[PDB]
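Only one chain comes next, encoded as structure tokens, the form deposited in one PDB entry.
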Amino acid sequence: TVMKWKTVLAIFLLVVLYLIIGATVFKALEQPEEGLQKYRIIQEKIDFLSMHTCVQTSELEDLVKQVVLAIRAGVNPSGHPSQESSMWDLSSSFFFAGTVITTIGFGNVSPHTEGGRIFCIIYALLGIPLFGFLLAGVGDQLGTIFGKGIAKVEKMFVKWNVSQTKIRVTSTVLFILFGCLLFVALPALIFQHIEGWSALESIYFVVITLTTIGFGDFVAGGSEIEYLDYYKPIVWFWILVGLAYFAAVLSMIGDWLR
């Protein structure tokens, strides 16, 4: 039941127009913010040069170029590093490898050396099918468990016989809402307590992570706030559970369609 050649062209045309609409609206939303940021940085640099007689713009440019190059490495220059705080923590390495197999790819931490890149390529290629098999198995198992639970929920007592599929739709909408409430809506509050993030920033981080976009501007562990009680393993297990459960819901929806 493969799609018609002309049909595929219609979906492709729709995707292309979709992307054109998106590009125009991000352009119009987002150019003023970086216009003001460019103005702010150029005015700040001019004030710094004007106020400091001793400093030379060539030396300042060389120092800023070195600092931005350092940012690529991932080490923050603003704070003095103790050097018992290590970016590649066993916990951090576990979280990074988990994101690599999970295909999130935040990007705040990444391999830099030649072997690091080669091992990252090999590790991703070998790991991704394994995680895919795990997710498919957990999704199918959870789907069966959910369907038997659905049978238990449909007691058939005081149903009020309004419609045959009325309670099927009501149960599906209430389970999906409950799952979203616990998986996406509730962790956001934990994130607000732990890191003081805004509501939009936290909900955006959770959607980006569970949708496996992984922009990396917002990451679970950053800026030395001394997280406590095994923050990296619990958040990675959280990501696995959320991705699996929604993979199950999507698979069930597809089964219903078929």
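Each residue number is its position in the shown sequence, starting from 1. Think of the rigid core as the biggest set of C-alphas that the two forms share within 1.5 Å after superposition.
The form deposited in another entry is left out here; the points below concern that form.
Just a single entry of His112, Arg72, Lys148, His80 exceeds or equals a 2 Å CA shift between the shown form and the other one, which is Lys148 (rigid core superposed). The rigid-core alignment places the CA of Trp160 2 Å or more apart between the shown form and the other one. In a rigid-core overlay of the protein, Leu240 has its C-alpha displaced by under 2 Å between the shown form and the other one.
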